[PDB]
Amino acid sequence: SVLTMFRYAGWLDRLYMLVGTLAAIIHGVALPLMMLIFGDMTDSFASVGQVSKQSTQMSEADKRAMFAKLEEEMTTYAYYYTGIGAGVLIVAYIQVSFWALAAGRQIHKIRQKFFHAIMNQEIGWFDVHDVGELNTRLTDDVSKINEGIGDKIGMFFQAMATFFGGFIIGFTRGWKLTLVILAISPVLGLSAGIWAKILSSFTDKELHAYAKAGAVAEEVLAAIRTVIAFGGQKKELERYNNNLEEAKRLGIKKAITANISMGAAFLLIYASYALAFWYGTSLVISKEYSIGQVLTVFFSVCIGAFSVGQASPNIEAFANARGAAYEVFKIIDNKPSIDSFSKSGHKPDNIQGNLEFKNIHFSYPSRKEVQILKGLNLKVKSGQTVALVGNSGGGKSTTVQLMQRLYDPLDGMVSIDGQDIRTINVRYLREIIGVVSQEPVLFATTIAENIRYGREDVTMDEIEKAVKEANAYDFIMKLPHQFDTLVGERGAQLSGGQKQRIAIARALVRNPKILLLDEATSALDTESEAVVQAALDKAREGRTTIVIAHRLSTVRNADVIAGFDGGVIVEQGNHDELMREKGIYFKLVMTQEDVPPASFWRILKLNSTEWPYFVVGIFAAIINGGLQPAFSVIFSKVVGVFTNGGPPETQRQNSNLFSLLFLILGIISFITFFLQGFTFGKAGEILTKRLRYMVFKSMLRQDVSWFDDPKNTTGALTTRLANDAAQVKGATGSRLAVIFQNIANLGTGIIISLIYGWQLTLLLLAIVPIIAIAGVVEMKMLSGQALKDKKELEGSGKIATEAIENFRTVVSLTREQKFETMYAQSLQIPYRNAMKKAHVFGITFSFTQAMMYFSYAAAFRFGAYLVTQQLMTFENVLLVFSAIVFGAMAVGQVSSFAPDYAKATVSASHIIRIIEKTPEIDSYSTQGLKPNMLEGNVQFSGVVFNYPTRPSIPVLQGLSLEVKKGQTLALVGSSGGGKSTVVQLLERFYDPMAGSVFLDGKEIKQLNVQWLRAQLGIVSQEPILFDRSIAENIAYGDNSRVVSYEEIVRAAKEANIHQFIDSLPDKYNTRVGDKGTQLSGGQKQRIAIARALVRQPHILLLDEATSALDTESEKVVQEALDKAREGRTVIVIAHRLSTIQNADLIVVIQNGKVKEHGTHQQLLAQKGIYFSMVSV
Ligand SMILES: CC(C)CCC[C@@H](C)[C@H]1CC[C@H]2[C@@H]3CC=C4C[C@@H](OC(=O)CCC(=O)O)CC[C@]4(C)[C@H]3CC[C@]12C
Ligand SMILES: CC(C)CCC[C@@H](C)[C@H]1CC[C@H]2[C@@H]3CC=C4C[C@@H](OC(=O)CCC(=O)O)CC[C@]4(C)[C@H]3CC[C@]12C
Ligand SMILES: CC(C)CCC[C@@H](C)[C@H]1CC[C@H]2[C@@H]3CC=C4C[C@@H](OC(=O)CCC(=O)O)CC[C@]4(C)[C@H]3CC[C@]12C
Ligand SMILES: CC(C)CCC[C@@H](C)[C@H]1CC[C@H]2[C@@H]3CC=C4C[C@@H](OC(=O)CCC(=O)O)CC[C@]4(C)[C@H]3CC[C@]12C
Ligand SMILES: CC(C)CCC[C@@H](C)[C@H]1CC[C@H]2[C@@H]3CC=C4C[C@@H](OC(=O)CCC(=O)O)CC[C@]4(C)[C@H]3CC[C@]12C
Ligand SMILES: Nc1ncnc2c1ncn2[C@@H]1O[C@H](COP(=O)(O)OP(=O)(O)OP(=O)(O)O)[C@@H](O)[C@H]1O
Ligand SMILES: Nc1ncnc2c1ncn2[C@@H]1O[C@H](COP(=O)(O)OP(=O)(O)OP(=O)(O)O)[C@@H](O)[C@H]1O
Ligand SMILES: [Mg+2]
Ligand SMILES: [Mg+2]
């Protein structure tokens, strides 16, 4: 389970990682070979050169000779170092490039496999789980795995190789002593293991919190219109904030525990240093060990221990990857019972559909206590039409879902031609099914592509034939871009009837043997319904149909009608047989970018409130970062005091003071490392929480037209927020802390060299530009593709989210493979850029390391000229060189910061742009008139409006209408005529191009936006709920006020939904599904009606609030509204005749214009359009 990742390596990734590990081992061993010349060899000649120099030895004749000898040996070692520089160049690329190449390939396969696993789950699995977390897992956790399985493992292996090189060199030069030094290595190993395990657990919890935050964001952004209409921005921001607070506290805990562990680790390592130094002093005083021997072993083990210490961020990244892999591979390992990707099962050649439901018992997985079907029995013969009639929630849509095997029955059997559908192949079974759902859902693509999801290889002639049969041909040809016009998310940029007709055509192109039509004409007008019904009846002979309808005209011509009661069929037979049996059908019928370079810095300004955390951390960065180079200087005293120590007692005292100093340095290192990690980590967590909060608030501030933009889809927005926050976080925190430490390491070197040797400091002037340019050029590349990589990423996150939100449609259309192919295609450009980065970062790291070895060689050469010319002491040369190597050991980590900084800068620029964005219709604005009283007069005067996504099409052409308090306005007309546009404009979702809208004679642009929307109670054409309880969904109707239980129950009673909630276990605490899919269509609509009514609004806007209701439920809701007619102004959009005649005034809208206005009797008196609609 620990090594559950690397599952998809394969032979190529296994060889990329074997060869890279060998290259890392060679690169690591290159550094103890550097130390091999110290202590002895070069330093054997040195403590021989001046400490053991003769006071005078014909120095005028032979000191020049040993200086030349040391000139000659230094030149040889300079050649050796140039060779090592070339070798390190080669091995450093292979290490870094191959490791990132393998990480990139594995991450590509992991993303594909995780998406495939999500697409393989059952409908019940989606019902039980909160799938809004899945896109956050796709974007955040996979990137967390990527940073722990890549070149960081190569760096860890290089550090381990350097440590082992010091290990062998110490034992070769002198054992028993390096045993004392390295006997504490198991303690550090256990400490690192515990550290990593705690980091992994904290990462798992933090990713859970971030996934919950992403689920909240996805739910809110998907239903943004409902949030805006009901003024829910503050509360949704608050739920998002609660998840962010959980993530922030987890991150702070992680930082504290990790840093206290690391500080204890360094306290232990310096205590070990002190004990080892005492032991070495004892040995060297005993004369068992020469001073050079202890020098060599100490220095060799010291560099290896320093490499191990610098390896810690790699272990942290590996632990974070392990913490991230948990949920991803848990989902990947899940196996569904109803497998749609299985190749098993029967595929009959010729099917003459004989549908049978025998003794069907079903309870939904998420509400298993509730029985929906109790021994349901139904038979459908080939070529026959069955009409399922009954009250809302009876289980008709449940039967439709069971027919396509979205769930298995608890008891009983669903059979085709006497064969159990469990034994049939799932994909084959669902491919011969054409289905139109109760509330059709489209995809964010073109009309032609939406229809092509029904059948992939359908030609344009068959698409035209289907849209002619679906009565969608005319409006498609009328609008520009023809079939290539792109519909909104879920088809939101079409009218309800247009979307329904598109879904009908999508079902028709399948050429299905079995057609399920769950209220396929709910959003249609009378003429469209009639023509679509004629088209369907034209081809009823070769196919079996199960139709659900609340319109009696469609049920009239059905071959057989089945009535639902108590979960069973009570009446089945012919229309005349049903009239004669006087059943339930009897009662039913009599009820007739710029990317500014300073952007990242600006983001850091947003963290300025945490300035005291930074300064302390900066100090903690200056001290310990300056300690590693200064470790040389004091160590120069360590030998220097000992060599001139003289008597054994004086040397013993000096060495025990040195050991005490080492212990003090360990205490200081514990303190400073804990502070440097903790302060920067806490500042980073605070910054990330603040940035996420601000970005979500800005997104909730934006206009409706902004969400209508094709770039601003729900998946794109969620991916944008998560990715920008993560990329900015990548450059802040402990990462920035270690960068500051490394900068201190590199910085103290200049000063200490300047005191000790100034000429050699000129090399830093020659060494730093050459590295620096190598840094900036990569800056230009990794930035340029990052702007692309994010954009493409926003595409991929779109495809996944559209697939996860619309999963039931995808499964019904058998389009899991198509969406997987699109998701794989959207990953191509990022995957190629990941392969390009491997070589680019491999080359850069390789060049930087060579340059260090090349500078080392130059220093040794430069050093000799100085010594052969008596310009500097050799001891000073060695001290300066040790300073340079200790300072430069962190240059690799500094260069590794380049990929993070560019991504952070780009994401910072995007975050700054989104926060500063100001909408045209600002919902957060406190400006605007708030009238003391509201009379309820609504007027439209010459309103002309074009939707921003399709500005060439005029939707409203001088629309004018009036409605007063106590009056009911009934907007009727054909589909797509602009009825919902009026309600959207009254909510100030958009502003009209011309004309005006008045509320009590005051133009609504002058009014406060929130105040204006608070006077409105809206029921949208296709209502959307939240993944919350019924009580919370109703109480959403009046935010900024705590709605009591009594008011919620009263609203539910007014909406005729109270009885269903009360009978339901958990009652008002029953969690509804995502967007209300775990309810009946009529139940969800009634919940929406209760949500609008609990507000008690002055203007009630009902956009077909009774489309999915029963006749009895419609009657109850209508009488409830009638009892509260006076005292409010009501605007009603309805295709039902019975809801229109009681309205005070009726407006017929065609082509954005009023054609007929007046009462029911007046419109019936003249033989106009209204009479035509009535007669049909
Ligand atoms: C020690 C250094 C100097 C030599 C390089 C190590 C080689 C032993 C390895 C590591 C890189 C490998 C190559 C990396 C790239 C490819 C492409 C790769 O192409 C595919 O995988 C194609 C797609 C498919 O096969 O379906 C085939 C192996 C090959 C030639 C590899 C062959 C074996 C190589 C040369
Ligand atoms: C011997 C010294 C001079 C070092 C230089 C070696 C290169 C000249 C060779 C050895 C390593 C090879 C590379 C090893 C791996 C890759 C990545 C490989 O792409 C992948 O990662 C495969 C999967 C994918 O591309 O999707 C394409 C070939 C390439 C660049 C190989 C091209 C030839 C390279 C660079
Ligand atoms: C502390 C951090 C920075 C470094 C950790 C290094 C090791 C813990 C990693 C690095 C490379 C990994 C290996 C890379 C590839 C494979 C092959 C792969 O083998 C399988 O078991 C495959 C299973 C399958 O294919 O179904 C996964 C395990 C293994 C040995 C991995 C085991 C864990 C290893 C040794
Ligand atoms: C884009 C550029 C800057 C990158 C390529 C840099 C190389 C061309 C440089 C980097 C370090 C240089 C080396 C630094 C030091 C030495 C040692 C030097 O040794 C002697 O002259 C000593 C001879 C003696 O006294 O016995 C010879 C040149 C050499 C190999 C240099 C050769 C040229 C090197 C490899
Ligand atoms: C860090 C690298 C990658 C870029 C910069 C390289 C320089 C720092 C190197 C390359 C050429 C080197 C020089 C090449 C030759 C000489 C002459 C050399 O003279 C001798 O020792 C020769 C015998 C004699 O003294 O007569 C003294 C060092 C010096 C100045 C070297 C000093 C270091 C230099 C300037
Ligand atoms: N996914 C689900 N999880 C739990 N219960 C569900 C789910 N879908 C529907 N139900 C419940 O199952 C019952 C049957 O509802 P169903 O959707 O079958 O109604 P319908 O008869 O087709 O009615 P209408 O046409 O009014 O929507 C209701 O109590 C409903 O809330
Ligand atoms: N967000 C949008 N972007 C672009 N065009 C839109 C958008 N919403 C609706 N339209 C288009 O505006 C026109 C009127 O749509 P509207 O929803 O107002 O019609 P309607 O009369 O309510 O229709 P129906 O009875 O079918 O629900 C149609 O052509 C529709 O496709
Ligand atoms: Mg239904
Ligand atoms: Mg509409």
# chains A, B, ... in the order shown; residues from 1 in each chain; ligands from 1
>>> closest_atom_pairs(of="chain A", to="ligand 2", cutoff="12 Å", atoms="only C-alpha atoms and all ligand atoms", output="CSV")
residue,atom,partner,partner_atom_place_in_ligand_line,distance
A:9,CA,ligand 2,23 (C),11.8
A:10,CA,ligand 2,23 (C),11.8
A:11,CA,ligand 2,22 (C),11.7
A:12,CA,ligand 2,22 (C),8.1
A:13,CA,ligand 2,21 (O),8.5
A:14,CA,ligand 2,21 (O),11.9
A:15,CA,ligand 2,14 (C),10.1
A:16,CA,ligand 2,15 (C),7.6
A:17,CA,ligand 2,15 (C),11.1
A:19,CA,ligand 2,11 (C),9.8
A:20,CA,ligand 2,14 (C),10.3
A:23,CA,ligand 2,4 (C),11.0
A:86,CA,ligand 2,3 (C),10.2
A:87,CA,ligand 2,2 (C),9.3
A:88,CA,ligand 2,4 (C),10.8
A:89,CA,ligand 2,4 (C),8.8
A:90,CA,ligand 2,4 (C),5.4
A:91,CA,ligand 2,4 (C),7.7
A:92,CA,ligand 2,4 (C),9.7
A:93,CA,ligand 2,4 (C),7.8
A:94,CA,ligand 2,11 (C),6.9
A:95,CA,ligand 2,11 (C),10.2
A:96,CA,ligand 2,14 (C),11.2
A:97,CA,ligand 2,15 (C),7.8
A:98,CA,ligand 2,15 (C),6.5
A:99,CA,ligand 2,21 (O),9.7
A:100,CA,ligand 2,21 (O),8.6
A:101,CA,ligand 2,21 (O),4.9
A:102,CA,ligand 2,21 (O),6.9
A:103,CA,ligand 2,21 (O),9.4
A:104,CA,ligand 2,21 (O),7.8
A:105,CA,ligand 2,23 (C),6.5
A:106,CA,ligand 2,23 (C),10.0
A:107,CA,ligand 2,26 (O),11.4
A:108,CA,ligand 2,26 (O),9.2
A:109,CA,ligand 2,26 (O),10.7
A:827,CA,ligand 2,26 (O),11.4
A:828,CA,ligand 2,26 (O),9.1
A:829,CA,ligand 2,26 (O),10.7
A:830,CA,ligand 2,26 (O),10.9
A:831,CA,ligand 2,26 (O),7.3
A:832,CA,ligand 2,26 (O),6.7
A:833,CA,ligand 2,26 (O),10.0
A:834,CA,ligand 2,21 (O),9.1
A:835,CA,ligand 2,21 (O),5.9
A:836,CA,ligand 2,19 (O),8.8
A:837,CA,ligand 2,21 (O),10.7
A:838,CA,ligand 2,21 (O),8.4
A:839,CA,ligand 2,30 (C),7.4
A:840,CA,ligand 2,30 (C),10.9
A:842,CA,ligand 2,35 (C),10.5
A:843,CA,ligand 2,5 (C),10.1
A:846,CA,ligand 2,4 (C),10.9
>>> write_last_selection(atoms="C-alpha atoms", output="compact mmCIF listing (two decimals), in the first residue's frame")
# COMPACT_ATOMS: atom_id res chain seq x y z
CA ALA A 9 5.52 2.44 -14.48
CA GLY A 10 6.11 -0.31 -17.02
CA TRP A 11 9.43 -1.25 -18.56
CA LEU A 12 10.29 2.19 -19.96
CA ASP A 13 9.66 4.07 -16.70
CA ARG A 14 11.48 1.32 -14.81
CA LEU A 15 14.61 1.89 -16.99
CA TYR A 16 14.28 5.73 -16.81
CA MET A 17 14.31 5.34 -13.04
CA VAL A 19 19.39 4.69 -15.08
CA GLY A 20 18.50 7.92 -13.30
CA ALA A 23 23.34 8.60 -12.50
CA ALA A 86 32.11 17.36 -17.51
CA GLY A 87 31.15 14.02 -15.99
CA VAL A 88 28.79 15.71 -13.54
CA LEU A 89 27.26 17.63 -16.43
CA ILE A 90 26.42 14.37 -18.21
CA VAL A 91 25.28 12.38 -15.17
CA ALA A 92 23.23 15.28 -13.71
CA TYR A 93 20.98 15.54 -16.79
CA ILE A 94 20.41 11.85 -16.98
CA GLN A 95 19.53 11.80 -13.44
CA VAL A 96 17.14 14.76 -13.41
CA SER A 97 15.75 14.40 -16.96
CA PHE A 98 15.06 10.61 -16.75
CA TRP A 99 13.41 10.93 -13.28
CA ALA A 100 11.04 13.72 -14.48
CA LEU A 101 10.45 11.78 -17.72
CA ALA A 102 9.29 8.85 -15.69
CA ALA A 103 7.27 10.99 -13.36
CA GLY A 104 5.58 12.70 -16.30
CA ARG A 105 4.69 9.45 -18.05
CA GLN A 106 3.40 7.91 -14.82
CA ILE A 107 1.34 11.02 -14.00
CA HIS A 108 -0.18 10.98 -17.49
CA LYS A 109 -1.20 7.35 -17.03
CA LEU A 827 -3.84 16.29 -21.74
CA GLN A 828 -1.57 16.14 -24.82
CA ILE A 829 -0.08 19.69 -24.77
CA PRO A 830 0.60 19.66 -20.95
CA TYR A 831 2.09 16.12 -21.24
CA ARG A 832 4.43 17.24 -24.08
CA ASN A 833 5.43 20.36 -22.07
CA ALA A 834 6.24 18.02 -19.15
CA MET A 835 8.58 16.11 -21.37
CA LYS A 836 10.10 19.40 -22.60
CA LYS A 837 10.52 20.58 -18.97
CA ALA A 838 12.37 17.31 -18.09
CA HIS A 839 15.10 18.12 -20.65
CA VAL A 840 15.05 21.83 -19.90
CA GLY A 842 17.80 18.49 -16.60
CA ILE A 843 20.01 20.63 -18.83
CA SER A 846 23.43 19.78 -15.16
>>> closest_atom_pairs(of="region 1056-1136 of chain A", to="region 514-537 of chain A", cutoff="12 Å", atoms="only C-alpha atoms", output="JSON lines")
{"residue": "A:1080", "atom": "CA", "partner": "A:518", "partner_atom": "CA", "distance": 11.7}
{"residue": "A:1081", "atom": "CA", "partner": "A:519", "partner_atom": "CA", "distance": 9.9}
{"residue": "A:1082", "atom": "CA", "partner": "A:519", "partner_atom": "CA", "distance": 11.4}
{"residue": "A:1103", "atom": "CA", "partner": "A:523", "partner_atom": "CA", "distance": 10.5}
{"residue": "A:1104", "atom": "CA", "partner": "A:523", "partner_atom": "CA", "distance": 8.4}
{"residue": "A:1105", "atom": "CA", "partner": "A:523", "partner_atom": "CA", "distance": 11.2}
{"residue": "A:1106", "atom": "CA", "partner": "A:522", "partner_atom": "CA", "distance": 9.8}
{"residue": "A:1107", "atom": "CA", "partner": "A:522", "partner_atom": "CA", "distance": 6.0}
{"residue": "A:1108", "atom": "CA", "partner": "A:522", "partner_atom": "CA", "distance": 7.3}
{"residue": "A:1109", "atom": "CA", "partner": "A:522", "partner_atom": "CA", "distance": 10.3}
{"residue": "A:1133", "atom": "CA", "partner": "A:523", "partner_atom": "CA", "distance": 11.0}
{"residue": "A:1134", "atom": "CA", "partner": "A:523", "partner_atom": "CA", "distance": 9.2}
{"residue": "A:1135", "atom": "CA", "partner": "A:525", "partner_atom": "CA", "distance": 6.0}
{"residue": "A:1136", "atom": "CA", "partner": "A:525", "partner_atom": "CA", "distance": 8.9}
>>> closest_residue(among="A:1077, A:643, A:960, A:404", to="ligand 6", atoms="only C-alpha atoms and all ligand atoms")
A:1077
>>> closest_atom_pairs(of="chain A", to="ligand 5", cutoff="6 Å", atoms="only C-alpha atoms and all ligand atoms", output="CSV")
residue,atom,partner,partner_atom_place_in_ligand_line,distance
A:763,CA,ligand 5,8 (C),5.7
A:766,CA,ligand 5,5 (C),5.6
A:767,CA,ligand 5,1 (C),5.2
A:851,CA,ligand 5,3 (C),5.6
A:854,CA,ligand 5,3 (C),4.7
A:855,CA,ligand 5,1 (C),3.7
A:858,CA,ligand 5,33 (C),4.6
A:861,CA,ligand 5,28 (C),5.3
A:862,CA,ligand 5,32 (C),4.4
A:865,CA,ligand 5,27 (C),4.8
>>> write_last_selection(atoms="C-alpha atoms", output="CSV table (one decimal), in the first residue's frame")
chain,number,residue,atom,x,y,z
A,763,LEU,CA,35.7,34.5,-8.9
A,766,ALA,CA,32.9,35.6,-12.7
A,767,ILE,CA,30.8,32.6,-11.3
A,851,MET,CA,29.7,25.3,-13.3
A,854,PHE,CA,34.4,24.4,-13.1
A,855,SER,CA,34.6,27.2,-10.5
A,858,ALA,CA,39.5,27.7,-11.4
A,861,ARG,CA,44.3,27.2,-10.2
A,862,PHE,CA,43.9,30.8,-9.1
A,865,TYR,CA,49.3,31.5,-8.5
>>> residues_near_ligand(ligand="ligand 9", cutoff="9 Å", atoms="only C-alpha atoms and all ligand atoms", output="list in words")
residues 494, 495, 496, 497, 523, 975, 976, 977, 978, 979, 980, 981, 1020, 1021, 1022, 1103, 1104 and 1133 of chain A
>>> residues_near_ligand(ligand="ligand 3", cutoff="9 Å", atoms="only C-alpha atoms and all ligand atoms", output="PyMOL selection string")
chain A and resi 2-11+13-14+17-18+21+148-150+152-157+196+311-319
>>> atom_distance(atom1="CA of residue 648 (chain A)", atom2="CA of residue 184 (chain A)")
28.7 Å
>>> residues_near_ligand(ligand="ligand 6", cutoff="9 Å", atoms="only C-alpha atoms and all ligand atoms", output="PyMOL selection string")
chain A and resi 123-124+127-128+363-368+370-373+388-401+438+518-519+548-550+564+567+1060+1064+1072-1073+1076-1085+1108-1110
>>> residues_near_ligand(ligand="ligand 4", cutoff="6 Å", atoms="only C-alpha atoms and all ligand atoms", output="number ranges by chain")
A: 72, 75, 78-79, 82, 854, 857-858
>>> write_last_selection(atoms="N, CA and C atoms", output="compact mmCIF listing (two decimals), in the first residue's frame")
# COMPACT_ATOMS: atom_id res chain seq x y z
N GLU A 72 52.12 22.53 -8.54
CA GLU A 72 51.93 21.51 -9.60
C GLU A 72 50.78 20.58 -9.25
N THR A 75 47.36 22.34 -9.88
CA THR A 75 46.99 22.30 -11.30
C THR A 75 46.46 20.93 -11.69
N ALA A 78 43.06 20.67 -10.47
CA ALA A 78 42.19 21.49 -11.30
C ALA A 78 41.78 20.76 -12.57
N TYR A 79 42.73 20.07 -13.21
CA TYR A 79 42.36 19.22 -14.35
C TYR A 79 41.38 18.14 -13.93
N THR A 82 37.97 19.74 -13.62
CA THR A 82 37.32 19.98 -14.91
C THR A 82 36.74 18.69 -15.49
N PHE A 854 33.54 23.52 -12.24
CA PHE A 854 34.40 24.36 -13.09
C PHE A 854 34.91 25.57 -12.32
N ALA A 857 37.62 24.29 -9.90
CA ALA A 857 38.91 24.07 -10.58
C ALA A 857 39.63 25.37 -10.75
N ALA A 858 38.94 26.38 -11.18
CA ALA A 858 39.50 27.71 -11.38
C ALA A 858 40.02 28.24 -10.07
>>> residues_around(residues="residue 218 (chain A)", least_positions_apart="6", cutoff="9 Å", atoms="only C-alpha atoms", output="PDB file with N, CA, C and O atoms, in the first residue's frame")
ATOM      1  N   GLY A 132     -18.482  16.092  -6.278  1.00  0.00           N
ATOM      2  CA  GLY A 132     -17.911  17.401  -6.531  1.00  0.00           C
ATOM      3  C   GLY A 132     -16.474  17.513  -6.068  1.00  0.00           C
ATOM      4  O   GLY A 132     -15.772  18.461  -6.433  1.00  0.00           O
ATOM      5  N   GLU A 133     -16.017  16.553  -5.262  1.00  0.00           N
ATOM      6  CA  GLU A 133     -14.627  16.537  -4.823  1.00  0.00           C
ATOM      7  C   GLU A 133     -13.712  15.933  -5.880  1.00  0.00           C
ATOM      8  O   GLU A 133     -12.484  16.045  -5.778  1.00  0.00           O
ATOM      9  N   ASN A 135     -13.106  16.495  -9.175  1.00  0.00           N
ATOM     10  CA  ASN A 135     -12.274  17.354 -10.013  1.00  0.00           C
ATOM     11  C   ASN A 135     -11.141  17.974  -9.208  1.00  0.00           C
ATOM     12  O   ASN A 135     -10.039  18.185  -9.728  1.00  0.00           O
ATOM     13  N   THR A 714     -17.991  25.758 -15.282  1.00  0.00           N
ATOM     14  CA  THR A 714     -17.849  25.353 -13.886  1.00  0.00           C
ATOM     15  C   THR A 714     -16.539  24.612 -13.656  1.00  0.00           C
ATOM     16  O   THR A 714     -15.792  24.919 -12.718  1.00  0.00           O
ATOM     17  N   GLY A 715     -16.238  23.636 -14.516  1.00  0.00           N
ATOM     18  CA  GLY A 715     -14.978  22.926 -14.409  1.00  0.00           C
ATOM     19  C   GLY A 715     -13.776  23.816 -14.623  1.00  0.00           C
ATOM     20  O   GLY A 715     -12.786  23.710 -13.894  1.00  0.00           O
ATOM     21  N   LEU A 717     -13.641  27.044 -14.016  1.00  0.00           N
ATOM     22  CA  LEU A 717     -13.509  27.941 -12.868  1.00  0.00           C
ATOM     23  C   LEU A 717     -12.932  27.221 -11.655  1.00  0.00           C
ATOM     24  O   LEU A 717     -12.065  27.762 -10.955  1.00  0.00           O
ATOM     25  N   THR A 718     -13.410  26.005 -11.377  1.00  0.00           N
ATOM     26  CA  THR A 718     -12.876  25.247 -10.249  1.00  0.00           C
ATOM     27  C   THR A 718     -11.404  24.914 -10.455  1.00  0.00           C
ATOM     28  O   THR A 718     -10.586  25.064  -9.534  1.00  0.00           O
ATOM     29  N   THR A 801     -15.448  17.781 -15.430  1.00  0.00           N
ATOM     30  CA  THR A 801     -16.569  18.256 -14.628  1.00  0.00           C
ATOM     31  C   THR A 801     -17.879  18.081 -15.376  1.00  0.00           C
ATOM     32  O   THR A 801     -18.856  17.561 -14.825  1.00  0.00           O
TER      33      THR A 801
END
>>> atom_distance(atom1="CA of residue 141 (chain A)", atom2="CA of residue 332 (chain A)")
13.4 Å
>>> residues_around(residues="residue 412 (chain A)", least_positions_apart="3", cutoff="12 Å", atoms="only C-alpha atoms", output="ChimeraX atom specification")
/A:356-362,373-378,402,408-409,415,420-422
>>> closest_residue(among="A:958, A:1176, A:1075, A:987", to="residue 1099 (chain A)", atoms="only C-alpha atoms")
A:987
